[PDB]
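Enquirer: Okay, handing you the structure first.
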Amino acid sequence: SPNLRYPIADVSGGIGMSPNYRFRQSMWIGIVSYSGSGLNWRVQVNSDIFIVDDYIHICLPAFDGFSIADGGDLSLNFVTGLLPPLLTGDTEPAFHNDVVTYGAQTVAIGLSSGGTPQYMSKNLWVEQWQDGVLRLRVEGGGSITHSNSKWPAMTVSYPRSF
Amino acid sequence: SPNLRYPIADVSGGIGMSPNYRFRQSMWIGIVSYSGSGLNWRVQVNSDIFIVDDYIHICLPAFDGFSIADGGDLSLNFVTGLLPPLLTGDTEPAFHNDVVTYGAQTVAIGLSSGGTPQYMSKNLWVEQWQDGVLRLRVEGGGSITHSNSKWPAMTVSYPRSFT
Amino acid sequence: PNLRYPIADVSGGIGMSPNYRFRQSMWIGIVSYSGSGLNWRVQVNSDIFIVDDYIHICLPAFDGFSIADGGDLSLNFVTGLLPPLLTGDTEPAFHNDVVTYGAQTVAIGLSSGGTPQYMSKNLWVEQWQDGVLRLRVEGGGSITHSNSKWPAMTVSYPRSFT
Ligand SMILES: [Mg+2]
């Protein structure tokens, strides 16, 4: 109705909440890039996206990468790979390009040289979204000599811009 | 207020947001079951449930189980044990019975055989809800030889169905 | 119409208050540990995000002293909140109930000035009382140590609306 404003909407002939606001599902098939202490690699991932109320959730699957540093960045390039009609701008946080420490959590990453991984307890958080790239910080928990990393499934969530 | 549709509701004579939508508390007294690589066991938990906006949160307490595999499933049976007037259908995700990797997190589980536990950081996620049973994947982090598992308190959350 | 927050006038129609959807603040305050006769405090500068019916407290990494196998981490919201946020704004929707909310893994580095050993502890929101939020931190075993390296931790819970 012309006298209602999204997320408020006509719901079977009355005043309700837009179903689209309550739950929207999408997908990202795209590139995750790691950078830290001169180490750089990238990997393609298939990830569900769920937008629920004023939050976005990016459900990353387990993946394998190469060497990581004590501290580093994991970057999700949303500039391509989003399933239409979801656009890059739809992934911008409500704090826009502010630098933050949002949703900080433990992530166990298995470091190896081909053999039995040693799992390190690292600290991950959403740090910054900039020009359609979501940057996550991954640091702490110490490290070992390794050439491969086994990354767990990780859900990345934050407040979405409206 | 025939013109209104939940979660929009009459609030002190005007148009507001239903308090029931904003916060609801409940309880599940029920059975958590583990299955992985031919290992099966179950325990009872008494767990708070919070429904807040379009999310449901299941606050599992710490519990003790037996042997686990490198990878396996932890299943919560919502068919029984929900506090009235909550029903089994109330726990269906907004992605219904789709197979997902939602709310993936680290859980540290203490593995022992009567002595001091070794804590394994494993990877847990909501995988699938089917006919009132919520299936959580628990994998990764390696393992040791063990007969007993000490599970931490874990909160499991996901967007909740509304039609 | 007679609108009731968070329903509010938006651009001439009935919509959702932007304030309900996203609010960003800060808490510059004192975090106190207590367990088994151990007591210490630190200063934190932390972002607060209020999004829909949730509050998120984004604690930065900090260093403290000895911890017990089980103990309490307490956030003093009586002071330090950035105006116009007030202490009452941090009350959970379960008010002063004792709960086990948002239980998660937290890896904490225990040392005596040398290389930390990281212990996977279990943290949850336990109770808010008179402007003090009590978090429980237990499990994962322990070692003899004089210092603790705490990771960045985000603490979230449903927020009271009165
Ligand atoms: Mg106590």
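Enquirer: Apply the Karplus parameterisation 6.51 cos²θ - 1.76 cosθ + 1.60, with θ equal to phi minus 60°, to every residue of segment C:30-39 and state each ³J(HN,Hα) to the nearest whole Hz, in sequence, with x for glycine and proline.
Expert: 10, 9, 10, 9, 9, x, 6, x, 8, 9
Enquirer: If you don't mind, there's one more thing I want to ask. Specify which residue in the list C:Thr162, C:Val99, C:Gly109 is farthest towards the positive end of the charge dipole of chain C, using unit charges on the beta carbon of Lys, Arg (+1) and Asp, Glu (-1), about the Cα centre.
Expert: C:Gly109
Enquirer: Taking the Cβ of B:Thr88 as the center, what net charge do the other residues with Cβ under 14 Å away carry, scoring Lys and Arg +1 and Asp and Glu -1? Before the final figure, lay out the partial values.
Expert: On the way: positive: B:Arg160; negative: B:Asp90, B:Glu92, B:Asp131.
Charge balance near B:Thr88 sits at -2.
Enquirer: Using a 10 Å cut-off on Cβ to Cβ distances, tally the other chain neighbours for every residue of A:109-118 and report the average as a whole number.
Expert: Average per residue, whole number: 1.
Enquirer: Work out the length of the dipole vector of chain B about its Cα centre, built from +1 on the beta-carbon of each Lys and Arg and -1 on the beta-carbon of each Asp and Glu, and round it to the nearest 20 debye. Walk me through the numbers on the way to the answer.
Expert: Details: 9 positive and 13 negative charges, 45 e Å.
With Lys and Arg at +1 and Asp and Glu at -1, about 220 debye.
Enquirer: Between C:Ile7, A:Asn20, A:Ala9, whose Cα lies farthest towards the positive end of the dipole of the protein assembly as shown when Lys and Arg beta carbons carry +1 and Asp and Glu beta carbons carry -1, centred on the Cα centre?
Expert: A:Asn20
Enquirer: Additional query: For peptide A:55-64, compute the average count of partner chain beta-carbon atoms within 10 Å of each residue's beta-carbon. Intermediate values should be presented prior to the final figure.
Expert: Values: counts 7, 0, 4, 0, 7, 2, 3, 7, 0, 0.
That works out to 3 on average.
Enquirer: Between beta-carbons, use under 14 Å as the cut-off and find the net charge around A:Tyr158, counting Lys and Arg +1, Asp and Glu -1.
Expert: Net charge in that neighbourhood comes out at -4.
Enquirer: Which residue fluctuates the most in chain B, going by a Gaussian network model with Cα springs under 10 Å, if the choices are B:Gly142, B:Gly72, B:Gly132?
Expert: In this elastic network of chain B, the residue with the biggest mean-square fluctuation among B:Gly142, B:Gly72, B:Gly132 is B:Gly142.
Enquirer: Can you give me the long-range amide H partners of B:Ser47? Hydrogens built in the peptide plane at 1.01 Å from N, cutoff under 5 Å, separation of 5 or more residues or another chain.
Expert: B:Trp28, B:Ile29, B:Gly30
Enquirer: May I ask for the Kirkwood hydrodynamic radius of the protein assembly as shown, worked out over all distinct Cα pairs and given in angstroms to one decimal?
Expert: Mean inverse Cα-Cα distance, inverted, gives 23.3 Å.
Enquirer: In the neighborhood of A:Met120, defined by Cβ-to-Cβ distances under 11 Å, what is the net charge if each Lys or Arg adds +1 and each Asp or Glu adds -1?
Expert: Summing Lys/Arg as +1 and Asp/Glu as -1 gives 0.
Enquirer: With charges set only on the Cβ (+1 for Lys and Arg, -1 for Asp and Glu), what does the dipole of the protein assembly as shown come to about its Cα centre, in debye to the nearest 20?
Expert: Dipole magnitude for the protein assembly as shown comes out near 260 debye.
Enquirer: Moving to a separate point now. Which ³J(HN,Hα) values, rounded to whole Hz and listed in residue order, are derived for segment B:140-153 from phi using the Karplus coefficients 6.51, -1.76 and 1.60 in 6.51 cos²θ - 1.76 cosθ + 1.60 with θ = phi - 60°, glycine and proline given as x?
Expert: x, x, x, 7, 10, 5, 7, 10, 9, 10, 10, 8, x, 4
Enquirer: Now a separate question. Would you mind ranking A:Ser121, C:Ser36 so that the residue whose beta carbon has the fewest other beta carbons within 10 Å leads the list?
Expert: With the fewest neighbours first, A:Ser121, C:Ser36 line up as C:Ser36, A:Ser121.
Enquirer: Cα centroids of segment A:1-58 and segment C:1-24: how far apart, whole angstrom?
Expert: Answer, in whole Å: 21.
Enquirer: Counting only other chains, and only Cβ atoms inside 10 Å, what mean value do you get across the residues of B:146-158?
Expert: The mean count of partner-chain Cβ atoms within 10 Å per residue comes to 4.
Enquirer: For segment C:47-162, list log₁₀ I(q)/I(0) at each q in 0.09, 0.19 Å⁻¹, using the Debye formula over Cα point scatterers of equal strength and ignoring solvent, two decimals each.
Expert: Debye intensities relative to I(0), on a log10 scale: -0.26, -1.00.
Enquirer: On to the next question. Run the simple label-point estimate for A:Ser143 and B:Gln130 please: 7 Å along Cα→C-beta, distance reported in nm.
Expert: 4.2
Enquirer: Right, another one. If contacts are Cα pairs under 8 angstrom and at least 6 residues apart, what is the relative contact order of chain B in percent?
Expert: Answer for chain B is 24 percent.
Just so you know, all these numbers are worked out from the coordinates, no wet-lab data involved. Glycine gets a Cβ as well: all are built from the backbone with ideal geometry, and neighbour counts include every protein chain shown.
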